[PDB]
Amino acid sequence: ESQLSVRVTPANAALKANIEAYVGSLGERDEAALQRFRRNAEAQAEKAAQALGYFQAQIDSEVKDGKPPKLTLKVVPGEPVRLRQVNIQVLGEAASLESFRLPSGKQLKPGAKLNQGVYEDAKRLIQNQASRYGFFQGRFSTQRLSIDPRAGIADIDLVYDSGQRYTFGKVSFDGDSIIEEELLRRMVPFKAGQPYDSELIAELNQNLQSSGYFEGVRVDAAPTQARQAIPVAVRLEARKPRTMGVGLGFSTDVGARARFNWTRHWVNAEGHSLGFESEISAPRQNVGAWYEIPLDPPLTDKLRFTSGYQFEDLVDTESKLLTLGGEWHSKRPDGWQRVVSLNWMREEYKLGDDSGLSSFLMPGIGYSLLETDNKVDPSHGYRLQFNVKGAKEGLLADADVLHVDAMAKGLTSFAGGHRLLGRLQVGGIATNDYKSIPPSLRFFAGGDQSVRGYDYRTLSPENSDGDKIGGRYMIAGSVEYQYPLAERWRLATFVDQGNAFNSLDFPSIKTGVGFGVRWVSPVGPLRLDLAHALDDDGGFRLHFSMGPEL
């Protein structure tokens, strides 16, 4: 490919890049072909100069045969054209719209060197926001750019009569969906007669998409239609009534792991949902079923009934756990969800060599918040989770219980690609009968997502015989720092501290030091860490994990 060369005296990288852009590829042209190509080359170059405000540029062209060949354009810019008059006006209703950005910046103040493209940028901005906010009757009354290369003067005149702002018309629903329009309309994030906003149409689209009820949605409403109302057309393609799913995963904690789901995304016209799910790992097997009923609002408020069975053989404990539950989800505009559920549990538990059996009916509630840059490659996000529950003995309970659990995950990124990670977890169980307290209610620490350097669930107080039986309280606190090595490749350096225990005064928090590497795989995030344990007899340990950072 015959080398093309741009020389600017005196240096102007923008001009050089622009000329290198309009000139384009020379290809594998020999000397002769380049000689034919010279006039085109100079023409393009002077277009680029005119595009940057440069109207008195001396442009000459050299051709030199070689391996490969080359053509040297000499540009000698001269002083450019600067703005005199700049009148950018948005009239009509839009004049009073808060979030309607007017064209601004250094490049549009009088005296600045004129770039050709900047004007069209301003125009595009105005029309893009016009279209975003439903100013479909917006017409340019004035579009004028005026340039005199001699004396170097340029005038801008953009007068934009926006006309009336449209509003949402009626919303119509068609398609082979059996979902009642009563439900569908309650997940429209706008009422008719409300000022148009295309991001509200987007919100409607994503709403309908997320309900799970369909395999396809057609949400459209081009400017159409005397106040002027924009009708909104929604068409729905019913999803396959049943669906199967299988997933594979691996971990240092539990080893090889399999997930399965069997979902029924709509059972009836009221939008009820059915589900089954299971997971298989060497140290843990579980099966679960669920039923959901949308309340009001349908998307953020719902009832969820659940059941489950789980076998677990981990460290020094075994457990067969049966559970039933009713849940009430409601989410406020913050991003805070509140789950209010009642759970019943019956635990078959072998702790070390001591066999227990106990039963519980615990009223509990939870709140969750999550704000992310999202959704598979978050640049910063915060997750906050809080769950508490209780057992009143006599009232279908073998003991009292006060199970408090809290978890936070933070991420921030600074500058040219650095990431800071923060995790904290804490939990306290209270009771008047610890022996009656089953494993699921006791607290375990350590492992990949807790305190690296230590194997899964090995941080727990020991019993008389040295078997890890579970703590009354626990904590973890972790921090991770990532350095960009490549796209999809980050470096990691982390500190971890944690330890579960029976006495608040003696936490004995085990420290963990370690470094690893994160790869975004074409199957998902992968994290391979190498952690040195600082406490007890702290050898070295390899941790592996998959999933989102938050």
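Residues numbered from 1 in each chain as written, not as in the entry; some residues may be left out. Heavy atoms only, no water.

As annotated in the PDB entry, the chain carries the name Translocation and assembly module subunit TamA and is attributed to Pseudomonas aeruginosa. Looking at the chain in UniProt, the text filed under Sequence similarities (unreviewed entry) is "Belongs to the TamA family." One UniProt comment on the chain, placed under Subcellular location (unreviewed entry), says "Cell outer membrane". (UniProt positions renumbered as here; feature names shortened; annotations may be inferred.)

K.L.:
How should the environment of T412 be read in this particular structure?
P.N.:
One can find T412 in strand β19 (residues 401–414). Residue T412 is classed as partly exposed on the basis of its relative accessible area of 42%. Linking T412 and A238, residues 174 residues apart in sequence, is a C-alpha distance of 40 Å. Dropping the residues within four chain positions of it, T412 is found in contact with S379, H380, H418, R419 and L420. (Helix = DSSP H or I, 4+ residues; strand = E, 2+ residues; numbered from the N terminus. Buried < 20%, exposed > 50% of the residue type's maximum accessible area, 1.4 Å probe, protein only. Contact = heavy atoms within 4.5 Å.)

K.L.:
Sorry, what's going on with the environment of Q44 here?
P.N.:
Inspection of the secondary structure assignment puts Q44 in helix α2 (residues 31–51). Relative accessible area serves as the criterion here: at 16%, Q44 is assigned to the buried category. With 142 residues separating them along the chain, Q44 and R186 place their C-alpha atoms 57 Å apart. Those residues in contact with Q44, other than ones at most four positions away along the chain, are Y22 and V23.

K.L.:
Even after reading the chapter, I still don't get helix α1 (residues 13–23), so can you show me in this structure?
P.N.:
Three or four residues apart is the spacing at which side chains of an α-helix point the same way, because the helix has 3.6 residues per turn. Turning to α1, its buried residues are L15, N18, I19 and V23. Taken down its axis, α1 places every buried residue within 125° of arc, on the same side. Residues of α1 that are exposed and point over 90 degrees away from its buried face: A13 and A21. Taken together, the buried residues of α1 touch β1 (3–8), α2 and β3 (70–76). Its side-chain oxygen 3.3 Å from the backbone nitrogen of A14, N12 forms the N-cap of α1. A positive backbone phi angle near 80° is found at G24, which sits one or two residues after α1. (Arc of directions from axis to C-beta. Polar contact = N/O pair within 3.5 Å; in protein donor to acceptor, adjacent residues only side chain to side chain.)

K.L.:
Would you explain empty space enclosed by the protein in this entry?
P.N.:
Empty space among the atoms becomes apparent when a probe as large as a water molecule is rolled across them. If you add up the space inside the largest cavity, you get close to 140 Å³. Elements supplying a minimum of two residues to the lining of the largest cavity: β23 (510–521) and β24 (524–533). Of the residues belonging to the lining of the largest cavity, the class tally is seven nonpolar, one polar and six charged. Taken as a whole, the second largest cavity holds about 40 Å³ of empty space. Among the elements of the structure, β24 and β25 (540–546) are those that each provide at least two residues to the lining of the second largest cavity. The dominant element in the lining of the second largest cavity, judged by the number of residues it contributes, is β25, at three residues. (1 Å grid on protein atoms, 1.4 Å probe; cavity = no way out; pocket = protein on both sides within 12 Å on 5 of 7 lines; lining within 4 Å. Points joined across faces, edges and corners; volume = space filled by probe spheres on them. Nonpolar A, V, L, I, M, F, W, Y, C, P; charged D, E, K, R; others polar.)

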